[PDB]
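Visitor: For reference, the structure I am asking about is given below.
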RNA sequence: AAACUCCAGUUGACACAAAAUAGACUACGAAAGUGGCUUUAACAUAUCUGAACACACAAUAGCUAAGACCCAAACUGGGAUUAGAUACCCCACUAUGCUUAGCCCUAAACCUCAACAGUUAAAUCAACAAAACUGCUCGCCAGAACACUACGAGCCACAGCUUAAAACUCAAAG
Ligand code: FES
Ligand SMILES: [K+]
Ligand SMILES: [Mg+2]
Ligand SMILES: [Mg+2]
Ligand SMILES: [Mg+2]
Ligand SMILES: [Mg+2]
Ligand SMILES: [Mg+2]
Ligand SMILES: [Mg+2]
Ligand SMILES: [Mg+2]
Ligand SMILES: [Mg+2]
Ligand SMILES: [Mg+2]
Ligand SMILES: [Mg+2]
Ligand SMILES: [Mg+2]
Ligand SMILES: [Mg+2]
Ligand SMILES: [Mg+2]
Ligand SMILES: [Mg+2]
Ligand SMILES: [Mg+2]
Ligand SMILES: [Mg+2]
Ligand SMILES: [Mg+2]
């Protein structure tokens, strides 16, 4: 199916960041993937201190990778990311654009519950 | 119709030949998914 | 400009300076308000111990330590040992819902120290370790 | 017979059903600027549908997105990002007074 | 087992899909789909092979074929998840509900009862 | 209470009676004790408001049917 | 621990008014639920007891929210008697 | 509803479990 | 009634005008009611669509001197 | 009081454990049960009822074997209280709670309200509770106690579970 790889790389120079992206995208194609796009969200400060591969990170580059791949290729790709030191954190999720949103009409009011107790004189 | 639309997009997919070029271009652009909303249900995208 | 209750962020420069110092350089007063005691420790921005005081170190014993008198007495003793080192403005960090949670803050004001901010660092786990069983008393 | 009799008709004056601010919009876990509009500036706690004003179907989407962005490295847990403190307030809660 | 290169049940019929790019044919195949799309094809084969009118799906014959494809799905899921007691109950009930279908079919149309038992490899066993 | 004055005047003008005040228990069923043994009860009762001030039927509606007095009501 | 310090549950003092700040801080924790959560986490509240309390707190909210809706609906009839004497 | 009918069964079971431990 | 659909739209497009109702007067005609009479009278002519028939009705009143301020 | 005082506080590093807020939502599952994140697989039946001759499941506790261990904690020890305290209160620590592979098969397993279909009118209706009824089917109960017992039989169960009586006694029990 269609997946999305939320990748958080390490704060590195451009020469090293390009080698990691290519190194990471070649691993997807080796597992039967069909890459579709490579979006960059920019380098920002992490919401919290992340510790990975005996390194304390405070900044990182956010990159997205939309691609198509079989179901059996996800688990094999999650292991590859773990070994890569440059990758601080990487997770795969089903692409949000392959989930049609049912049209909504509006809020339906709920009337108070009635006939919960017998109409007797207590 | 979906197949036809797909047959057009496949041209833009990354390939081993154009992999290096796409990486460099991505490092030059930026995608912004951040946008707020008001009480009137109106989107307010940041001016950046 | 206006006044905001949100503290200045280190990343963003601010115009609020206390005696020519930034919000980050201000020393910190860590208060641990327990149910039977109240410990106070003042430190600098570089985590350097300046003063330490507690209800026990001031002469109170057993149940008399879990009161607002012993907490205030400990705040005055910690504000007198830090004022000798050039401490005027501090950032309070309380941890716990004990009796001397507010009374200890008063003793710091009665020793010549000014409180610019108040931070709550009470430890709440998001689940964590299973506490002890309920009492029948 | 008579023509002044009423007719079997649906209410014309009935008003359209109300909608939440997010009705018809897509909630994504990368839009931290929108997700921070529904958390406490001080504790990072998620607000309820009686404060956010959202419907049940959309309040569940904001929650699942916040919990996903918090553990992925997009959003902080204990506090609200100071950068999004000056955003339009859509929640019905007043702390100071 | 349908090969992975097989196209989806929906896209095989559309015209013009015979001459398209190889990448577009690999995205519309069973390789880039989940387990439930391969079962929609397994059912299609049995209907043409066995049932006289594949189009009719509410007939007793088709229900047996639709249910026998689910039974095989549960056995492949239980071969890897032995401690999944939930799907082990759906299997034992599905085997009992198919037997109740084969009973009513053997009582109404014995000519087709033999065809289904042969096509699907089923052996009706009289209960003790 | 809004129309208590209007009704009391009408009864006086038409030479009839009115009871717009709090209805004490036994005005009809126990009348002989309250007033006297030779008292004469009404032959017709007219209810301009069948409810009391708590939105419940007036006790006279039930007490009149006990004493076999016909009632007219709005 | 891994988050930035002095950004959460932090309040600034206005004109050395510590009391007004502490009341504000203690009101933010109360509205968010931390205060009560910290008090129940002192001793372990077993599931059965925690399910009895949530059901008790939810039935009290309903009753307390419907009575107040009736008080504000009848507060209009708290005026003086317009038919004084009848 | 009282638990007087449960209290009779409570002692019966307790004395029986205590008698088996003895024999 | 059939004219309730007409009234619902008038109130949405224009809303109650400055003129205040006089419920005491039995033979009182409101600005909206006047709009209904014209709207229906023009329907007798043969127009079978609401949009055009609705638009033409407002123009007639403006010619008669009525004030029709739309919500916009 | 005892205990601790290679203790406490600030900061940094740091889990085979447990899963704030959302949840004022009321969803999933046959029930038990299920509320941190992601992915894979996946939630029987085109009439209903239907197995205490079978089959598959079944909280917690517990047994067997090998591991993990922050915290909690039966047992035990110590301190205190007490006429005594084998308890209520305080401290410490163990089985155990977790993982893996098997067994055990119980509960106030109770929403003490069976499944399918249907009704709101008439006598609505002992009382209380969560209003009163029709059709069909299965299961179950026939005074209290003896008895969640004895004998027999079956079971990886051996101080066990399931099924389950009688004699004597009472004129009440409920
Ligand atoms: S009302 Fe349509 S999505 Fe909330
Ligand atoms: K119960
Ligand atoms: Mg009672
Ligand atoms: Mg006994
Ligand atoms: Mg059945
Ligand atoms: Mg049964
Ligand atoms: Mg069990
Ligand atoms: Mg165990
Ligand atoms: Mg311990
Ligand atoms: Mg002892
Ligand atoms: Mg242990
Ligand atoms: Mg245990
Ligand atoms: Mg239960
Ligand atoms: Mg029962
Ligand atoms: Mg049944
Ligand atoms: Mg008996
Ligand atoms: Mg038992
Ligand atoms: Mg037995
Ligand atoms: Mg025996």
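Protein chains in written order, with UniProt numbering: chain Y, 2 to 123; chain P, 155 to 202; chain L, 58 to 194; chain Z, 46 to 142; chain B, 66 to 193; chain S, 149 to 222; chain C, 2 to 87; chain F, 128 to 150; chain A, 65 to 136. Don't be surprised by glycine CBs; every beta carbon is placed ideally from N, CA and C.
Does chain B have any CB closer than 9 angstroms to the CB of residue 173(P)?
Guide: No, residue 173(P) lies away from the interface with chain B (no Cβ there is under 9 angstroms from its Cβ).
Visitor: Since residue 164(P) contacts residue 23(Y) with CB under 8 angstroms, what's their CB separation in whole angstroms?
Guide: Their Cβ separation, rounded to whole angstroms, is 21 angstroms, which puts residue 164(P) and residue 23(Y) out of contact at 8 angstroms.
Visitor: Spatial neighbours of residue 112(S) within its chain, please: CB distance less than 7 angstroms, with the 5 preceding and 5 following residues excluded, ordered by chain position.
Guide: With chain S covering 149 to 222 only, the question about residue 112(S) has no answer from this structure.
Visitor: The alpha helix (DSSP H) that contains residue 163(L), what's its start and end?
Guide: Element bounds for residue 163(L): 160 to 166.
Visitor: Taking 9 angstroms as the threshold (C-beta atoms), are residue 5(Y) and residue 87(Y) in contact?
Guide: Against a cut-off of 9 angstroms, the Cβ pair of residue 5(Y) and residue 87(Y) comes out as no contact.
Visitor: Starting from the C-beta of residue 139(F), find all residues in its chain whose C-beta is less than 7 angstroms away, skip the five residues before and the five after it, and write them out in chain order.
Guide: Cβ neighbours of residue 139(F) beyond the five flanking positions: none.
Visitor: How big is the Cα-Cα spacing for residue 179(B) and residue 2(Y)?
Guide: If I take the Cα positions, the gap works out to 40 angstroms.
Visitor: Among all the DSSP beta bridges, which residues are the ones paired with residue 179(B)?
Guide: None; residue 179(B) has no bridge partner.
Visitor: According to DSSP, is residue 73(Z) helix, strand or coil?
Guide: Three-state DSSP puts residue 73(Z) in coil, outside helix and strand.
Visitor: For residue 95(L), write down the residues that DSSP places opposite it in a beta bridge.
Guide: Beta-bridge pairing links residue 95(L) to 90(L).
Visitor: Along the chain, where does the beta strand (DSSP E) that runs through residue 9(Y) open and close?
Guide: Where residue 9(Y) is concerned, the enclosing beta strand (DSSP E) stretches over 3 to 11.
Visitor: If you follow the beta strand (DSSP E) that residue 45(Y) is in, where does it begin and where does it stop?
Guide: Segment 35 to 52, the beta strand (DSSP E) holding residue 45(Y).
Visitor: Name the DSSP beta bridge partners of residue 109(L), please?
Guide: Paired residue(s): 98(L).
Visitor: Would you identify the three-state DSSP class for residue 122(Y), choosing helix, strand or coil?
Guide: Note: residue 122(Y) maps to coil in three-state DSSP.
Visitor: Under the rule that 16 or more other beta-carbon atoms within 10 Å means buried, what is residue 49(C), buried or exposed?
Guide: When all chains shown are included, residue 49(C) counts as exposed.
Visitor: Going by the beta-carbon positions, is the gap between residue 43(Y) and residue 69(Y) smaller than 9 angstroms?
Guide: No, they are not a contact pair.
Visitor: Among residues of its own chain, excluding the 5 on either side of residue 60(Y), which ones have a beta-carbon nearer than 8 angstroms to its beta-carbon?
Guide: These residues qualify, in order along the chain: 12, 44, 45, 46 and 47.
Visitor: Is the beta carbon of residue 133(L) sitting closer than 9 angstroms to the one on residue 173(L)?
Guide: No, the Cβ-Cβ distance between residue 133(L) and residue 173(L) is not below 9 angstroms.
Visitor: Is the Cβ of residue 89(Y) closer than 9 angstroms to any Cβ of chain C?
Guide: Chain C, which has no Cβ nearer than 9 angstroms to the Cβ of residue 89(Y), makes this no.
Visitor: So that I know if they touch, is there some Cβ in chain P lying closer than 9 angstroms to that of residue 76(B)?
Guide: Yes - at least one Cβ of chain P is within 9 angstroms of the one on residue 76(B).
Visitor: Output the distance between the C-alpha atoms of residue 85(A) and residue 94(A), rounded to the nearest integer angstrom.
Guide: Roughly 7 angstroms separates the two Cα atoms.
Visitor: Reducing DSSP to helix, strand and coil, say where residue 175(S) ends up.
Guide: Note: residue 175(S) maps to coil in three-state DSSP.
Visitor: So, using beta-carbon positions, are residue 153(L) and residue 89(L) closer together than 9 angstroms?
Guide: Contact flag set, yes.
Visitor: Determine whether the beta carbon atoms of residue 63(Z) and residue 108(Y) lie at a separation below 9 angstroms.
Guide: Yes; because the gap between Cβ atoms is below 9 angstroms, this pair is in contact.
Visitor: Give the straight-line distance between the Cα atoms of residue 156(B) and residue 132(B), rounded to the nearest whole angstrom.
Guide: When rounded, the distance between both Cα atoms is 10 angstroms.
Visitor: Between which two residues does the beta strand (DSSP E) holding residue 63(Y) run?
Guide: That run of the beta strand (DSSP E) goes 57 to 69.
Visitor: Taking one C-beta from the region 88 to 108 of chain L and one from the region 150 to 165 of chain L each time, how about it: are there three or more such pairs within less than 8 angstroms?
Guide: Touching, yes, given that three or more Cβ pairs across the two stretches are closer than 8 angstroms.
Visitor: So, with DSSP's three-state summary, where would you put residue 16(Y)?
Guide: Helix at residue 16(Y).
Visitor: Just by C-beta distance, which residues in the region 64 to 83 of chain C are closer than 7 angstroms to chain L?
Guide: Within the region 64 to 83 of chain C, no residue qualifies.
Visitor: Evaluate residue 126(B) with the Cβ neighbour count: other Cβ atoms within 10 Å of its Cβ, from every protein chain shown; 16 or more gives buried, anything less gives exposed.
Guide: Label assigned to residue 126(B): buried.
Visitor: Do residue 107(Z) and residue 87(Z) count as a contact pair if the criterion is CB distance below 9 angstroms?
Guide: No, the pair does not count as a contact, with Cβ atoms beyond the cut-off.
Visitor: Whose CA, out of 59(Z), 98(Z), 71(Z) and 53(Z), lies closest to the CA of residue 98(Y)?
Guide: The shortest Cα separation from residue 98(Y) among 59(Z), 98(Z), 71(Z) and 53(Z) belongs to 71(Z).
Visitor: Name the DSSP beta bridge partners of residue 195(S), please?
Guide: Answer by DSSP bridge pairing, in chain order: 221(S).
Visitor: As a quick exercise: from 60(L), 177(L) and 72(L), pick the residue whose alpha carbon is nearest that of residue 16(C).
Guide: Closest by alpha carbon: 60(L).
Visitor: Taking the alpha helix (DSSP H) that residue 211(S) falls in, what are its first and last residues?
Guide: Residues 207 to 214.
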